[PDB]
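Starting off, we have a lone chain in the form deposited in one PDB entry, written out as structure tokens.
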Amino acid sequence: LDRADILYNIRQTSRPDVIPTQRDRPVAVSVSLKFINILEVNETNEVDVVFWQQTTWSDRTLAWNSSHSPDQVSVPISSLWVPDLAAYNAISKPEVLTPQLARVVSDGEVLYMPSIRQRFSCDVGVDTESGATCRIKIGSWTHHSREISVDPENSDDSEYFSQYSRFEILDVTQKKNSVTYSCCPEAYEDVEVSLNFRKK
């Protein structure tokens, strides 16, 4: 198969509304936020940030034979199912700055990493030596752990964050929180992104 054949198959058998749950087991979604810039800080207790959201999951229905065929293809996300990930403490609609394309591997693995400009409710502190800490809670908006399982490193600054920014990253720590309520048998997962930063 050539790239055109692979892309036609994906487009024609496109079920973006259908979650790729392979026999009851949840879709393993891996999320990692890489901060590029901290633009505005207002005191309202708001923070305007630009970050790369590395999202990976498997969709076995997209898989193809890699023998004498490309190993990977670039597919627009409109032709693919995407997890309903949302920041619970978000005050702004997430603005996608980059081409809305995902990288699909022959094994069915989907790698989507858009650059997002978003405002968050955080305790801004910012001018202090200790620096203000900004807590972001990312999770599925409508699915529980048995449908979508979310997973996150706990360090790195790194090469991502702009040297020309007015702010400075102190530490970024991404942790998985799994809470099972008394009401309900299914667990509820989220990825808590802690961004502590200060003004230069």
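By rigid core we mean the largest C-alpha set that fits within 1.5 Å across both forms. Only residues modelled in both forms are compared. Just count from 1 along the sequence shown to find any residue number.
Open item on the list: Across the other PDB entries of this protein that model residues on both sides of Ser69, is it left without coordinates in at least a third of them?
Closed with: Modelled in all the others, so no.
Open item on the list: If you look at the other compared entries where the surrounding residues are built, does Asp59 lack coordinates in a third or more?
Closed with: That residue is present in all of the other compared entries.
Task: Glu153 preceded by how many uncoordinated deposited residues after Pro152 - done: Just 1 to 3 residues are missing between them.
Task: Residues of the deposited sequence that sit between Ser106 and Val105 yet are not modelled - done: Going from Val105 to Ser106, the model skips no residues of the deposited sequence.
- [ ] Could you settle it for me: does 178-186 or 5-13 have the higher average Cα B factor in the PDB entry?
- [x] Per the PDB record, 178-186.
TODO: Can you let me know which of the two, 79-87 or 126-134, has the higher average C-alpha B-factor in the entry?
DONE: Going by the record's values, the stretch with the higher mean is 126-134.
TODO: Tell me, please, which of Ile38, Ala28, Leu33, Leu170 has the highest C-alpha B factor according to the deposited entry?
DONE: When the deposited C-alpha B-factors of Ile38, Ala28, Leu33, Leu170 are compared, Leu170 is largest.
Open item on the list: For the CA B factor values reported in this entry, which option in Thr142, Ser145, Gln163, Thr55 has the top one?
Closed with: Highest C-alpha B-factor among the listed options: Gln163.
There is another form of this protein, the form deposited in another entry, and it is not shown here; the text below is about that form.
Open item on the list: Rigid core aligned, does the Cα position of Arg11 differ by 2 Å or more between this form and the one not shown?
Closed with: Yes; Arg11 is a residue whose C-alpha shifts (by 2 Å or more) between this form and the one not shown when the cores are overlaid.
Open item on the list: Is the shift of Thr21 between this form and the one not shown large enough to count as movement, that is, does its C-alpha move by 2 Å or more after the core is superposed?
Closed with: Shift at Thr21: below 2 Å after core fit.
- [ ] Would you please work out which stretches of at least three consecutive shared residues show Cα displacements of 2 Å or more throughout between this form and the one not shown, after fitting on the rigid core?
- [x] Runs 11-14, 155-157, 178-188 stand out as displaced between this form and the one not shown - each at least 3 residues long.
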